[PDB]
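Enquirer: Here's a structure for you.
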Amino acid sequence: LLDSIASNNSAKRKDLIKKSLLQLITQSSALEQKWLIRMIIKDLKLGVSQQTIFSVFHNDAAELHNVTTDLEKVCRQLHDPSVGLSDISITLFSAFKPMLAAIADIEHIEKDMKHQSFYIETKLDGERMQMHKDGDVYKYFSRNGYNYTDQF
DNA sequence: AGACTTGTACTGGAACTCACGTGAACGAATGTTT
C-alpha cells in the first residue's frame with residue numbers, strides 16, 4: 151500500500167492515493183493507524199538510537215550501512231549472526247556516507263595537525279555529490295544517499 | 001547547516017576503615033644518699 155501511494159504521488163494521481171489511504175483506514179485499528187501515520191511522517195520517537203538497533207541486528211552493521219547506504223543489502227547479507235564479513239570497503243554503485251569536517255580553533259591548529267605541514271583549501275558552498283562511473287554508466291548520489299542521477 | 005536535550009561512560013573526589021608510627025604517662029625495680 152505504501153509503495154502504491156508513493157508511486158501514485160510520483161505519477162500525479164490523487165484518487166488512487168485516496169483509495170489506498172481509505173483501504174488502510176478501513177483495515178486498521180487506532181494504534182495501527184497511529185503507527186502508520188508516524189511512519190508516513192518518517193518519525194517514530196522510539197527513544198532507541200539507530201546505532202543501537204544496527205548493533206543488536208548484527209555485530210558489524212553500522213560499517214556496512216555507512217559503506218553501502220541501502221537497508222536491503224544490510225538486511226540480506228547480515229542474516230546469520232555467527233557469519234560475519236571479512237572485509238568491507240567502498241563498492242561501485244553503492245552510496246557511501248561522506249566524511250565531514252569539524253570546527254577548529256585557529257590558535258591550536260598546528261597542534262591538531264601533529265606539528266606538520268598541511269593543506270589549505272577554499273570552502274565550496276553548494277550541494278555535496280559523489281559520482282560513480284563505469285564505462286558510460288553514470289550514477290550520482292547526494293549527501294544522504296538520495297539518487298539525483300535523473301537531474302544530472 | 002546551527003543549537004539544545006538525553007543519554008553514556010568514564011574520571012576523579014569524599015568518606016569510611018584499617019594498619020603503622022609517634023608522643024606522653026606510669027608502676028615496679030634498682031641504685032644512690034643520708
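For the first sequence, PDB author numbering begins at 151 and goes up steadily by one.
The C-beta atom is built at its ideal place from N, Cα and C for all residues, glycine as well.
1) Can you tell me whether residue 224 is buried or exposed? The criterion is at least 16 other CB atoms within 10 Å of its CB, across all chains shown.
2) Quick check on residue 297: does DSSP put it in helix, strand or coil?
3) Compute the distance between the beta-carbons of residue 219 and residue 245, then report whether it is under 8 Å.
4) Among 278, 280, 161 and 204, which has the Cα closest to the Cα of residue 231?
5) Among residues of its own chain, excluding the 5 on either side of residue 295, which ones have a beta-carbon nearer than 6 Å to its beta-carbon?
6) If you reduce the DSSP assignment to three classes, tell me which class residue 233 lands in.
7) Going by alpha carbons, who is nearest to residue 228 out of 210, 169 and 241?
8) Please report the Cβ distance between residue 151 and residue 183, rounded to the nearest whole angstrom; I am assuming they are in contact, meaning their Cβ atoms lie under 8 Å.
Expert: A quick look at the data gives this:
1) buried
2) strand
3) yes
4) 204
5) 219 and 245
6) coil
7) 210
8) That belief does not hold up - the Cβ atoms of residue 151 and residue 183 are roughly 12 Å apart, past 8 Å.
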